[PDB]
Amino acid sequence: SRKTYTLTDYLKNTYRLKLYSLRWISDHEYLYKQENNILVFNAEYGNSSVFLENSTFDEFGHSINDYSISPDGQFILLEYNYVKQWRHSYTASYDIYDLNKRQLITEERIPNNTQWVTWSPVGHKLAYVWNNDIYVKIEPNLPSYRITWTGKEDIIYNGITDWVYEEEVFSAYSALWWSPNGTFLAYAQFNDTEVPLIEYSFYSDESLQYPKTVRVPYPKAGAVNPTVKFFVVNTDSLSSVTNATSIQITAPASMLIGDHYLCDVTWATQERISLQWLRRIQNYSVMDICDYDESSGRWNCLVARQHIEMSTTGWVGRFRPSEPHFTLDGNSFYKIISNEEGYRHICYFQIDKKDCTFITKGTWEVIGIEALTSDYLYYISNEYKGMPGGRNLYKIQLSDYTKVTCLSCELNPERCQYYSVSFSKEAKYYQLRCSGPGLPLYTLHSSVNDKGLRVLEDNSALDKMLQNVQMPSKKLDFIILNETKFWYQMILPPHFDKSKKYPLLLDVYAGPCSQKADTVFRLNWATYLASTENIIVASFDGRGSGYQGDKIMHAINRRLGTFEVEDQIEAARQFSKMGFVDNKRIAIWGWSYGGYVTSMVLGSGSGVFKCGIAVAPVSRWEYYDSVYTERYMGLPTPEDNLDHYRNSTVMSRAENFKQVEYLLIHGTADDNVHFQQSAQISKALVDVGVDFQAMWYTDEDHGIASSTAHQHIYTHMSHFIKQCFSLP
């Protein structure tokens, strides 16, 4: 009798999740924007003051995309004129508001088309990047010191990352790293001088008469990669007439025999930096600990102090080598490491010592180390009730590692099974965020005795609303394939009847270390397909999937487009044999790696799927970028892995598409997974006589995320699926 969840509701964002985004600003206080005022909250007692009134800047003349306040909080930075580049990078203008006076600073402004800005971690110093060169303001109203002079568009980058680094390495435009004092500015330089350029058309506005070609240095598998150097400047000794002195830190000798990357930089103390590096064959990584010479002004990294990580089974880390979490003193650290059994767990390392100690063990994995005092290490794992799809917070007593307490497990156990966390400085207080399986819940807690303090957002407004809709439900369970347990979720229509036969949509991603079966609450496309269209949407984590150990995750090492594909069919097969899925109507769809897999499934000849959708798919691994692809596939040369690079393309199995119905979609401005990839699939289908559907989306990138293209793509896919399943 109630309304169902409709496409419109999805697209028009009718039922909205309420969030609670806070920024810890000390051990006991946090920032929060409410009704557009910036507020400081006291964690302990719950009371708040207004940092910055909503009324301030209503005469400022520009609408403001973002802000960032001094640590030692006398300035606020205002970001405006935001122009997006890639996933993390962008260009903007900035003004600085002097909080003590009622004033914008007026002279020495941070320039326009600034590519990155950062406050120092204390005080109110500023580093910014402009035309690929680094600058430093000591005071906001003073002239900046130029640190580098080598910036050249698309060629040399100081303090920012190039495309592959932004995307595959640091998940960030930034390549600047302030000392904890603020004394030093560490920064990376990239040189893309010989990196080949992916070119593509942008058509933009109807009034542009000639298309623009966009040209992006983008190393595809086996191509010349960017090189990198690393520098540290002392920001306390800058002259106005002397060019600043940047000291180089050289990679270790065992990284210099060949192509390598900088994968991680962590400050350990005021005078010690941690630099992890990686070989290009991502087999082998080195952590260097560099100390600062008081007398010399130099940085030395003692060999007897390096830390090596290797794997014979696969690559180092889930996507990159893990991050070290240092003790206050900087003489030791804790870091996630795959154990002997293949399980990622926390290892305690001493800096001068060489082997490490495991602080956790067992048939589950650690997801992150979240805070560390002298007393306690806080982390997230999927230990609870043995569900890898699950996330919870844990507290180790460091005087005895067997005394672990779970902080989130039983706070709201039917409602909350997927937490993330946000500790204040010195882990005095934390916010918890349960992401599912019920409505998201944001709580505030005091570490002292782990007293719950206060609910922040409970989403009850959403709850009252969703009581009036025909919500689908979620089944999280496992099947068995060859002795091992693999998990799947199903999103099930309202009033699911196990005696009926429902159409089933396999929603696939299945990349190395992915997880599509989990406890989180989403309101999405699947929600609509289940509520209105009575379609079971199923998802399944097969070999190559993560959070369940190496045996499963490294199964796909050097062999993408293989066990992850077979296992999707094997599970679709099994869902078929269950007596509520009508095997005549099984479809499959995926975005991105999802598309590559959906296509590899459509082309397997399984005859299990009526039809499916591949959006922005990888079709051939030589088209994708070096850092991601080489991590799973090695190099595409005869001496290495050319054979399997060639064996695993969507085009190789074009004929088999004649048995299936296929919708193939790709935005033309995809800088990530290039249009070329869908353009080689479509050609291969044509070359063989296979009919299919296509959709390009002019000037859309990898996410096809403009308001219109979003509504349109999901509209297009609904029609393709309703009619695939003979639904009116």
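Here, rigid core means the biggest group of C-alpha atoms that superpose within 1.5 Å across both forms. One rule holds for the numbers: they count along the sequence shown, beginning at 1.
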Superpose by the rigid core: which stretch, 34-42 or 688-696, shows more Cα shift in 6 other deposited structures of this protein?
34-42
Overlaying the structures in 6 other deposited structures of this protein on the rigid core, point out which of 290-298 and 529-537 has the bigger RMS C-alpha shift.
290-298
Per the PDB entry, mean CA B-factor is higher for 447-455 or 531-539, namely for 447-455
Of 241-249 and 563-571, the stretch whose C-alpha atoms average the higher B-factor in the entry:
241-249
Which one, 640, 167, 622, 365, has the peak C-alpha temperature factor per the PDB entry?
640
Which is it among 496, 628, 442, 591: the one with the largest CA B-factor in the entry?
496
Among the modelled residues of its chain, does the C-alpha B-factor of residue 69 lie in the lowest, middle or highest third?
highest
If you rank every modelled residue in this chain by C-alpha B factor, which third holds residue 10: lowest, middle or highest?
middle
Chain thirds of CA B-factor: placement of residue 518:
lowest
Using the temperature factors of the C-alpha atoms in this entry, rank residue 43 within its chain: lowest, middle or highest third.
middle
Within this chain, which third does the Cα B-factor at residue 713 fall in: lowest, middle or highest?
lowest
